[PDB]
Amino acid sequence: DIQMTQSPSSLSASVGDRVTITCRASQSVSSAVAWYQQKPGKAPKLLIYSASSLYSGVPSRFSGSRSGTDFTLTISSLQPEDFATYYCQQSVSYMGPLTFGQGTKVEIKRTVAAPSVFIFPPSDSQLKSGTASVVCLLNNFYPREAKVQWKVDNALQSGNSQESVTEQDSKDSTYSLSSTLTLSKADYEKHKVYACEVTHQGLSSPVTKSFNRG
Amino acid sequence: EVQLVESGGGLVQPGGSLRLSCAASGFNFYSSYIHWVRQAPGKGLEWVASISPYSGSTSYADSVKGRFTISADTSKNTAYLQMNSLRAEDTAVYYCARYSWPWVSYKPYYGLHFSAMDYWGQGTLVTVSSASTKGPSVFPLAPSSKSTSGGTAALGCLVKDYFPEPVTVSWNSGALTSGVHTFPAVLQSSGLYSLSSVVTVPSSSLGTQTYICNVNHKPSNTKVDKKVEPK
Amino acid sequence: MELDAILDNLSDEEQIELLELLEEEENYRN
């Protein structure tokens, strides 16, 4: 089968920069190459078709080119809304196999922004059921790297929390993150002090949000 | 306008069968190629099958040959993907997409001109699993009493212990969108999904402005409206 | 001219021969 080897797998760049994404076909694909942009949870959108043709309604900062079996997508003046995963796709075989490159995740850089941090105790309704979830929220921060540590009565918690992060925001280029600590009702009720400690480049010192179960 | 609308997805046991439909509108269906393309959670795009309604020609990825059958009903402007002997690895969002005719043309002045997938459906999720459907419990993430006077408060809803994906969350029936973050679901050690949805609001607004999270888990026909209040 | 009707009856080798004829062997020249 014909493979499309796409590079890079991820990139991060500042607004205004010129970004280059490439795809090498394993054998001739003529000019039968399209480029798509996919935003989280959405169907892909066509950018470039037939290697170099700009699809109607797409901004002119997008362009496609070909050199033999090498294909390039150029984004000339990168914008926050260009956060997406980009894919190449070949269709040289009439009514034959179509193949996609593995995708390129594009991150947009922005100024450092410290998270706003919030902690949420379990609700009484959840407690009746036998479980306790404690939630820590880090809102609207950049860059992505962040450390969240849970402490219960000063004991670092291992193995009993899960994190989830939003996709980068398409207007302000920030992230948000949740960390959820799960305890049995009995364990939750044994202890008093619940604390989330957050480390992030935007914070001069780590930030702790806590509550007392009382 | 050109429209493609998928249906038929949902949860199915390993070895089971499902039939997806793609209802097309706004273009010459006989004069098109219809493709199915799928995306496993967190992964890339994978072409599955194609059909020419005019010739009836079909093509399939090696990963589905012998198990899947693509067909079309031109009287209905509809294409179908029959999926048999489904496996866990077939779990994915399935998209319908089209080429307008022709696949490729040639004019001495412009050269070769290849078509591309200019219109796509919204996708439909197929989950291949033995796990049983379960609707979520919904709990408030109440705004903290240590209210930032002239600043910002956060509140939310925890949507816990459901299967399969997806759940949708809106706030105030969709009227509140600014500052909302609905997190990707996490699969718990229990095998059930959980997620949270949060919103940041003026601290000034608490106790005057109402905040309701509307949760819909269509696989279990669960709809919950939870008012989130201080305390 | 649309090529679909022609391509539908050709093997992959024949199809690529025709396409590369029409693009003037672009992959194999400076």
Side-chain angles (χ1 to χ4, degrees), chain A residues 1 6 30-36 38 40-46 48-51 53 55-56 85 87 89 91-103 116 118-123 125-126 129 131 133 135 137 139-140 162-167 169 176-178 180 182 209 211, chain B residues 33 35 37 39 43-47 50-52 55 57-62 93 95 97 99 103-104 111-123 137 139-144 146 151-156 158 160-161 179 181-189 194-196 198 200:
Chain A
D1 200 346
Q6 185 174 342
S30 183
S31 48
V33 170
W35 292 96
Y36 302 94
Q38 188 182 29
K42 304 302 209 191
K45 291 191 191 322
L46 181 62
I48 303 296
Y49 60 103
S50 208
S53 286
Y55 182 56
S56 166
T85 305
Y87 296 92
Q89 185 248 307
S91 58
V92 73
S93 304
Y94 173 78
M95 274 302 302
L98 308 194
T99 60
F100 289 90
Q102 301 84 352
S116 299
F118 305 87
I119 190 171
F120 299 98
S123 65
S125 48
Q126 183 182 25
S129 315
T131 301
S133 302
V135 176
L137 168 68
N139 204 52
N140 292 353
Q162 291 189 108
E163 292 184 3
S164 181
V165 67
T166 59
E167 300 276 5
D169 189 279
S176 301
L177 180 152
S178 69
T180 304
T182 302
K209 301 293 180 192
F211 65 93
Chain B
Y33 299 87
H35 316 282
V37 175
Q39 186 164 46
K43 296 284 182 191
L45 301 171
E46 179 188 25
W47 166 79
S50 305
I51 185 167
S52 171
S55 70
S57 180
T58 57
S59 55
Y60 302 93
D62 285 348
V93 173
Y95 298 100
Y99 286 170
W103 191 299
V104 52
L112 290 164
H113 179 312
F114 292 90
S115 193
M117 301 185 189
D118 55 347
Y119 289 89
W120 297 63
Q122 74 279 350
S137 300
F139 306 111
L141 299 170
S144 164
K146 319 160 150 201
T152 303
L155 57 95
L158 173 59
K160 198 171 155 51
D161 289 343
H181 293 298
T182 299
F183 288 95
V186 309
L187 186 61
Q188 301 169 109
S189 52
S194 180
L195 69 70
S196 281
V198 303
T200 48

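Quick note on labels: first sequence line is chain A, next is B, and so on, each numbered from 1.
- For the atom pair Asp169(A) CG and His181(B) NE2, the distance stands at 6.5 Å (nearest 0.5 Å).
- Listed options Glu46(B), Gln188(B), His113(B), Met117(B) were ranked by heavy-atom pairs under 4.5 angstrom with chain A; first place goes to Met117(B).
- Between chain A and the residues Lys160(B), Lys43(B), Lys146(B), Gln122(B), the most heavy-atom pairs under 4.5 angstrom are made by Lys160(B).
- Counting all heavy atoms, side chain and backbone alike, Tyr95(B) lies closest to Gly121(B) at CD2-O, 3.5 Å.
- Here the straight-line distance linking atom CH2 of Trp120(B) with atom CD of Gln38(A) works out to 7.5 Å at 0.5 Å rounding.
- For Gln162(A), the part lying under 4.5 angstrom from a heavy atom of chain B is the side chain only.
- By the side-chain contact (heavy atoms from CB on, under 4.5 Å) test, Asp1(A) is found to be paired with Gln3(A), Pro97(A), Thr99(A), residues two or more places apart in sequence or in another chain being considered.
- Contact annotation for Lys42(A): only backbone heavy atoms (N, CA, C, O) come within less than 4.5 Å of a heavy atom of chain B.
- Between the OG atom of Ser196(B) and the CZ atom of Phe139(B) there is a distance of 11.0 Å, given to the nearest 0.5 Å.
- Ranked by heavy-atom pairs under 4.5 Å with chain B, the list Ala43(A), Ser133(A), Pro44(A), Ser93(A) is led by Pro44(A).
- Looking at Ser194(B), neither its backbone nor its side chain comes within 4.5 Å of chain A, counting heavy atoms on both sides.
- In this structure, the side chains of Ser91(A) and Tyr99(B) come closer than 4.5 Å at one or more pairs of heavy atoms.
- Looking at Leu45(B), the atoms closer than 4.5 Å to chain A (heavy atoms on both sides) sit in the backbone and in the side chain alike.
- Relative orientation of the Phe100(A) and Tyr36(A) rings is tilted, given thresholds of 30° and 60° on the angle between their planes.
- Atom CG of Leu137(A) sits about 11.0 Å away from atom CD1 of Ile119(A), to the nearest 0.5 Å.
- Proximity to chain B (any heavy atom under 4.5 Å) is shown, for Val33(A), by neither the backbone nor the side chain.
- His35(B) contributes atom NE2, which lies 9.5 Å from atom CH2 of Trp47(B) (distance to the nearest 0.5 angstrom).
- Contacts of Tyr60(B) with chain A are absent, with no heavy-atom separation under 4.5 Å from either backbone or side chain.
- Interface residue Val37(B): only side-chain heavy atoms are found under 4.5 Å from chain A.
- The two residues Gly96(A) and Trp103(B) come nearest to each other via the heavy atoms N-CH2, 4.3 Å.
- For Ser137(B), no part lies near chain A; criterion is any non-hydrogen pair under 4.5 Å.
- In this structure, the portion of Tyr87(A) lying under 4.5 Å from any heavy atom of chain B is its side chain and not its backbone.
- Only the backbone of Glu163(A) comes within less than 4.5 Å of a heavy atom in chain B; its side chain stays farther off.
- Note on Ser123(A), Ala34(A), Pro121(A): by heavy-atom pairs under 4.5 Å with chain B, the leading option is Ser123(A).
- Using a 4.5 Å cut-off between heavy atoms, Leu155(B) contacts chain A through its backbone alone, with no side-chain atom that close.
- Separating the OG1 atom in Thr166(A) from the CG atom in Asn140(A) is a distance of 8.0 Å, to the nearest 0.5 Å.
- Interface check for chain B: of the options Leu46(A), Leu98(A), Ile48(A), the most heavy-atom pairs under 4.5 Å are formed by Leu98(A).
- Heavy atoms closer than 4.5 Å to chain A are found in the backbone of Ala153(B), but not in its side chain.
- Ranked by heavy-atom pairs under 4.5 Å with chain A, the list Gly156(B), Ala154(B), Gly44(B) is led by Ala154(B).
- Most heavy-atom pairs under 4.5 Å with chain A: of the set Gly123(B), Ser55(B), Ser57(B), this distinction falls to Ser57(B).
- Contact count versus chain B (heavy atoms, under 4.5 Å) is highest, among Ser56(A), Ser116(A), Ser125(A), for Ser125(A).
- Residue with the most contacts toward chain B among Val92(A), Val135(A), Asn139(A): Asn139(A) (heavy-atom pairs, distance under 4.5 Å).
- Here the shortest heavy-atom pairing between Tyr49(A) and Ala116(B) reads CB-CB, 3.6 Å.
- The side-chain contact (heavy atoms from CB on, under 4.5 Å) search around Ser178(A) returns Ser164(A), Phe183(B), not counting sequence neighbours.
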